[PDB]
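> Have a look at this one before I ask anything.
None of the figures in this text is laboratory data; all of them are computed from the coordinates on show. Backbone-built Cβ (ideal geometry, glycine too); neighbour counts: all protein chains shown.
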Ligand SMILES: Cc1ncc(C[n+]2csc(CCOP(=O)(O)OP(=O)(O)O)c2C)c(N)n1
Ligand SMILES: Cc1ncc(C[n+]2csc(CCOP(=O)(O)OP(=O)(O)O)c2C)c(N)n1
Ligand SMILES: [Ca+2]
Ligand SMILES: [Ca+2]
């Protein structure tokens, strides 16, 4: 019956009432975690009226099904979310969707719900904060000193992605990361004894985390606050706080799987209210004393931000160049004319693999754009992702790098790399971050990649060894389905550049992006510089490489197959067939061009054949016939594999000639046309 | 200079010479692991002339890049792989591909190369062995008593999938699993100090594994053998053997990342040979004393198998029913007329969600087909994957199940579930095993799913909550790209049944499969029983549901959209448009039908519109126009989401009418036609 106790009851009952109104959602974890949420938010620095303050503490709800809890906190603190929004929990079009979405929910830093992601996002927010602080802080100028608080449950701890990120976070000594495990011994299938009997705490010690255990987290907010204070004293380890809770605390059904994921019974809600001093006839109650208490904390936080703004002004006076850089980044702007650093090629230049062209781009743009950081999942000398002369992001205590470093050694951890990249993007400050692996193993990170798209984060995958062109490693390494998968996902730019100019256009798009993740599919093998390519034309996503006003056929291709199409054009000329060539380095960018531009590239009245050594899925958007690879690859020298599958100038020409013959006497309209 | 030492040198030099001949591949781990490989194979029971002996010990090379080591062992032991095959390492069409493939390589139990998979496959082989032994062994009849030996490296230990499987294997007390960590402190990016500093051994203890450490695994084969003996005494824990090795042992470049993944220099190979007593001018040497020693072990193993065959004959006399069941399973045959247990429905029956129809199928077929086992990734009460009256697969010591159980509690571990299923299939004995999750989270397991397809394993995903039809959980849970991804992968049957009869056909296909993995996309929401459906017709993958000889349009649909198409047909009739309906429950099965059958379903001369509330990718194989969902979903009541996106009878009818109008005056041929 203190104000703190009343606040905790208010949180619990708002969450339960939201689930009740929707007749859908998850009351168990909100009931169990309300004390911890109250305690953590009271320690956090944040401004509900400025969700982007760069020195705010960040909170991540990794157990995203518990979002009625998050929404209740945001409402109580006066974010741009109200009780009326809570009444619309899980209703079409509301600001309170069934799992939190950063695009829709003020105060949701990331999109969670798919288990394991949020803790990894928290690792990335903390990684970014450490890099940012190392870049900008000066004596008497703690520009960045914020913490990252993460709630997670048993499901997050079972998902392998969280193990990857936790191993890495311990290695990186990320002392401003404080995670809280909802140790409630229940998941959907019942007791954790049925599937999850590991010693979690011993595992986290093995990663180099600090541990604090709170044995009565249903009530002991003093101990939760003390655990935070303890964690802040351990500056060289991330901390895991074990919150031993009862799922559904207070419910008649507390401590059971039934309270995880379905609305409580009406009589249960009544007894909750009466036990805690609330009116069982009232829903969505917000006692004004709770509002007052929370408003006091907001007002204090706003005074902290006000002082930070003055610190920043003084920083700009003392450190004019760093201050201007920081201001530009907080405004969301890249350096003026940064793109003049992009390499440009001519057809007289030598053939180069697009992985090597990518290395060259990075080596030119990293010195010009400080907000670029990135790494590789143990493939640095293969993906070619590190610029010479940069230092790795490591704790200085290791001697292996510094937090001011710009290159991240992710280890063999693609999925966590993907989710950490999302967290780096979520930090803000214009970070443009990237992660390298082989294209076929981007698939290990599909859970996170999809969330990059849904969350609208401008992350970049440097995805080398894109096809059978990699050769001898064979079919376990050779993508077939991978581009189709990601192209079929909304809001993913999938660049497959053919040459030096196209590779620079791909990076221009990836770095300028503010709302769209990028995958750059890059070759092991050398490709020629194309006659007709440029950054300008490739920036349109698709363009006419070879214009033929009397074309019998247009060949549309990507990447390594554009040069193949150009060679096929010459074979076809000897057969009396005139071809044009279209290069389609990014289907999403192309799709976003005007209808008239797109029709200038893929006109009516001419058959169009696509060529790409991967799945034919998607290609009918742009072509009448498709020459692709819809079977697994082979282990051998790459030129021999191309010959086996007839991806040769003669093989393409044969299929082009068959396409011309198939449409003889038919009326052909652009693949871009549709009935609706 | 003992025969054992000569054998180890022979293995090392065969592997190095294979890499040298290919001028491609990985010599480092083979050099470091040859002592351990020698020691392990000397302890293993196997018949090179009968790779399918059901009581063999299994070996898995999880660090599949080290396959020159595996191939050398198989050659030396007289599997159907020769020195001439080793000379063709990594060459197109050879039996020695750059990573091991179970379909191509005699003695390769699984396909490895993508890191982390093999250890999880080993967990599944061991899980299957325990279940099999619990089912069949009797006093004096140890029908199954075999071990599972796995080699893995640092990369496997960094991949989250291995953490998932190792947590689960420890929980399951899988004492016949013995894994060996190649602790060589090197990965591609250099020292493990840069990214992988966790206390691996402490982590494995936290999972409940037993540990043996071999501090000089470059030479101490006595200690490696003793570690195996020790592991066999610990019957209630899987064991991790830490093999401290030097990568590239013996090379001038030993202990460096450069020896991981590129051929050795010719002068290095010369000094290796002279140091070990071999002729530096000779490649692919096989000393006859090594062959003799290995042949002695093979002969002993063959006598063990001979005795096992007599044990099996005596078992059939004493336990005639179990013996006949075991024989049938070893012959690869399902029970005669098992499919008479499949439920059959009529259009007079009530509407049912396909997840519930799936539960009903499983409840009928599990009692009839003992080789069906399966589980869920913490979604048992949502996926509806457990048959009432079955017991969980657990060690009896827990009180929670028994190894004779048939239902696996995977926990929140989709990726490991996928790779464990591959291992269960790889065990053999006709296991037909399944794993449940929400369709959108099958994507977490993409690495393993792709390997199910490449490995030709008949595993089944019970993938419920397939679309926006799930409603309130919202876009983080609602598949868009997922079916396109898996349909674009070679050799995946992706069933999306519309009703009770189609769900039974999907299971008939999944259980009869011997070479093709299945994904069953199942609904949360109720669907009507269709007029015109049957197991017989749905077994063709695609069929004419509503035949209209004067059709103006055919609507092709799957799953929940078939009923929508039927309702749209009625709207269209009021607009003067006659439609037919095709149901396409599995595109792969359909594609495999005769050309004439397929054309009877998708004829020339009529526009075809597809309807499926997911990506339109792939659908142009079967339709002229596509009505799909190419954006993320929404959080709300499912009927309201369908209305928002116009997946209504009127919305489908409008697009069908526009399709008819678009093709007025045009000649239309089947989407099945192509130019080549
Ligand atoms: C990757 C992924 N797999 C499966 C699910 C389905 N799901 C949601 S919550 C949940 C389990 C909840 O377990 P826990 O994290 O312990 O939550 P608590 O029940 O204690 O609230 C599951 C399996 C999911 N959301 N994400
Ligand atoms: C999922 C996946 N990601 C990345 C790779 C690329 N790759 C192959 S071997 C290897 C690293 C080798 O490290 P380790 O397992 O320690 O092998 P060792 O160098 O000691 O032989 C990597 C990253 C892969 N094969 N699979
Ligand atoms: Ca829990
Ligand atoms: Ca290693």
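> Rounded to the nearest 5, what % of DSSP beta bridges with both residues in the range B:540-676 are antiparallel?
Numbers: 3 of 15 bridges.
Antiparallel bridges: around 20 percent, rounded to the nearest 5.
> Ranked from highest to lowest mean number of other Cβ atoms within 10 Å per residue, what is the order of the peptides A:529-537, A:247-255, A:308-316? Mind dumping the intermediate values first?
Details: A:529-537: 18.0, A:247-255: 22.1, A:308-316: 15.0.
Most protected by this proxy first, the peptides run A:247-255, A:529-537, A:308-316.
> Based on the mean of other beta carbon atoms within 10 Å per residue, what is the order of B:489-495, A:146-152, most packed first?
Numbers: B:489-495: 23.9, A:146-152: 26.4.
Averaged packing, sorted descending, gives the order A:146-152, B:489-495.
> For chain B, just the Cα atoms, rotate onto the principal axes and tell me the three extents in Å, largest first.
Taking max minus min along each principal axis of the Cα atoms, chain B gives 91, 58, 45 Å.
> Report, in whole Å, the centroid distance computed from the Cα atoms of the range A:27-105 and the range A:275-298.
Centre-to-centre (Cα) distance: 16 Å.
> So between residue B:193 and residue B:330, what do we pick up on full extension, going 0.36 nm a residue minus the alpha carbon distance?
Details: separation 137, 0.36 × 137 = 49.32 nm, distance 4.78 nm.
My answer for the length gained is 44.5 nm.
> Additional query: Obtain the nm distance between the two label points defined at residue B:295 and residue A:201 by a simple spin-label model: each point lies 7 Å from its Cα along the Cα-to-C-beta direction.
6.1
> Shifting gears a bit: Could you work out the equivalent-ellipsoid semi-axes for the range B:163-227, taking the square root of 5 times each eigenvalue of the Cα gyration tensor, largest first, in whole Å? Intermediate values should be presented prior to the final figure.
Working: eigenvalues 94, 72, 16 Å².
Square roots of five times the eigenvalues give 22, 19, 9 Å.
> Where does helix B:67-76 land angle-wise versus the long Cα axis of chain B, in degrees 0 to 90, nearest 10?
60
> Let me ask another. Taking the number of other C-beta atoms within 10 Å as the exposure measure, put A:49, B:138, A:540 in order starting with the fewest. Working shown, then result.
Details: A:49 14, B:138 11, A:540 21.
Taking fewest neighbouring Cβ atoms as first place, the list is B:138, A:49, A:540.
> Viscosity 1.002 mPa s, temperature 20 °C: what is the translational diffusion coefficient of the range A:540-676 from Stokes-Einstein with a Kirkwood Rh over Cα pairs, rounded to a whole number of µm²/s? Don't skip to the end; give the middle numbers.
Details: Rh = 15.1 Å.
Once the numbers are plugged in, D ends up at 142 µm²/s.
> One quarter of the convex hull surface, Cα atoms only: what value does that give for the range A:456-519 in nm²? Show your work: numbers first, answer last.
Details: hull surface 18.4 nm².
If I average the Cα hull's projected area over directions, I get 4.6 nm².
> Enter the angle in degrees (range 0 to 90, nearest 10) between the Cα long axis of helix A:160-171 and the first principal axis of the Cα atoms of chain A, meaning the one along which they spread out most.
80
> In whole Å and largest first, what semi-axes does the C-alpha gyration tensor of the range A:389-514 yield when each eigenvalue is scaled by 5 and square-rooted?
Values: eigenvalues 119, 68, 47 Å².
Each semi-axis is √(5λ); the values are 24, 18, 15 Å.
> What's the exposure ranking of A:51, B:385, going from fewest to most Cβ atoms within 10 Å? Can you show the working numbers first?
Details: A:51 15, B:385 24.
Ascending Cβ contact count within 10 Å gives the list A:51, B:385.
> Turning to a different aspect of this structure: For the range A:384-445, what's the radius of gyration and Dmax over Cα atoms, in angstrom?
Looking at the range A:384-445, its Cα Rg and Dmax stand at 12.4, 35 Å.
> Please report A:67, A:156, A:120 as a ranked list, fewest other C-beta atoms within 10 angstrom at the top and most at the bottom.
Numbers: A:67 30, A:156 27, A:120 36.
Ordered by Cβ neighbours within 10 Å, fewest first: A:156, A:67, A:120.
> So, one more: Under the definition of partner shielding as Cβ atoms of other protein chains within 10 Å of a residue Cβ, what is the mean value for peptide A:433-441? Can you show the working numbers first?
Numbers: counts 0, 0, 0, 0, 0, 1, 0, 4, 5.
Counting Cβ atoms of other protein chains within 10 Å of each residue's Cβ and averaging gives 1.
> Could you give log10 I(q)/I(0) at q = 0.12, 0.15, 0.20, 0.21 Å⁻¹ for the range A:607-665, computed by the Debye formula over C-alpha point scatterers of equal weight, without solvent?
-0.31, -0.47, -0.78, -0.84
> Normalised by the number of residues in the range B:1-327, what is the relative contact order in percent for Cα pairs under 8 Å and 6+ residues apart?
Over the range B:1-327, the number comes to 23 percent.
> To continue, here is another question. Ratio of alpha-carbon Rg to the 2.2 N^0.38 Å globular estimate for the range A:1-327, to two decimals, please.
On the way: Rg = 19.5 Å, N = 327, 2.2 N^0.38 = 19.9 Å.
Ratio of Cα Rg to 2.2 N^0.38 Å: 0.98.
> Between copies, how far apart are the residue A:646 label points? List them in nm, one decimal, shortest first, with each point 7 Å from Cα toward Cβ, please?
For residue A:646, the other copies' label points sit at 4.0 nm, shortest first.
> Rg and Dmax of the range A:328-539, using alpha carbons, in Å: what are they?
16.1, 51
> Which translational diffusion coefficient, to the nearest whole µm²/s, is obtained for the range B:236-326 from the Stokes-Einstein equation, given a Kirkwood hydrodynamic radius over C-alpha pairs, 10 °C and 1.306 mPa s? Write down the numbers at each step before the final one.
Values: Rh = 18.3 Å.
Rounded, D is 87 µm²/s.
> May I pose another question? Distance between Cα centroids, the range B:121-180 to the range B:341-382: provide it in whole Å.
That distance is 28 Å.
> For chain A, what is the calculated [θ] at 222 nm in deg cm²/dmol (nearest 500), taking -39500 (n - 2.57) for each run of four or more DSSP H residues and dividing by its residue count?
Values: 25 runs with 274 residues, N = 676.
Only helices count here, giving -12500 deg cm²/dmol.
> Packing-wise, with mean Cβ within 10 Å as the measure, how do B:23-32, B:415-424 rank, highest first? Intermediate results must be reported in sequence, preceding the final value.
Numbers: B:23-32: 26.8, B:415-424: 32.1.
Descending packing order for the listed peptides: B:415-424, B:23-32.
> Report the percentage of all Cα-Cα pairs in the protein assembly as shown whose separation exceeds 64 Å, rounded to a whole percent. List each step's numbers first, then the result.
Details: 68734 of 913276 pairs.
Everything past 64 Å amounts to 8 percent.
> Moving to a separate point now. Tell me the angle of helix B:221-233 to the major Cα principal axis of chain B, expressed in degrees between 0 and 90 and rounded to the nearest ten.
50
> What's the average, rounded to a whole number, of partner chain beta-carbon atoms within 10 Å of each residue's beta-carbon in B:29-41?
On the way: counts 0, 0, 0, 0, 0, 0, 0, 0, 0, 0, 0, 0, 0.
For this peptide, the per-residue mean of nearby foreign Cβ atoms is 0.
> Based on Cα positions only, what radius of gyration and what Dmax would you give for the range B:322-415, in angstroms?
Reported Rg and Dmax, both Å: 15.4, 48.
> Another question about this same structure. How shielded is B:160-171 by partner chains, expressed as the average number of their Cβ atoms within 10 Å of its Cβ atoms? Mind dumping the intermediate values first?
Details: counts 17, 6, 4, 11, 6, 1, 3, 10, 5, 0, 3, 7.
Taking all residues of B:160-171 together, the mean is 6.
> Using the alpha-carbon centroid of each, what span in Å lies between the range A:555-623 and the range B:528-544?
If we compute the Cα centre of each part, the gap is 39 Å.
> Something else now. Against the empirical 2.2 N^0.38 Å scaling, what ratio does the C-alpha Rg of the range A:93-240 come to?
On the way: Rg = 16.3 Å, N = 148, 2.2 N^0.38 = 14.7 Å.
Ratio of Cα Rg to 2.2 N^0.38 Å: 1.11.
> May I pose another question? State the Kirkwood hydrodynamic radius of the range A:440-575 in Å, one decimal place, computed from all pairs of distinct Cα atoms.
Working: mean 1/r = 0.0625 Å⁻¹.
That comes to 16.0 Å for the range A:440-575.
> Taking the Cα atoms of the range A:45-168, what is the range of coordinates along each of the three principal axes, in descending order and whole Å?
Result for the range A:45-168: principal-axis Cα extents of 49, 36, 19 Å.
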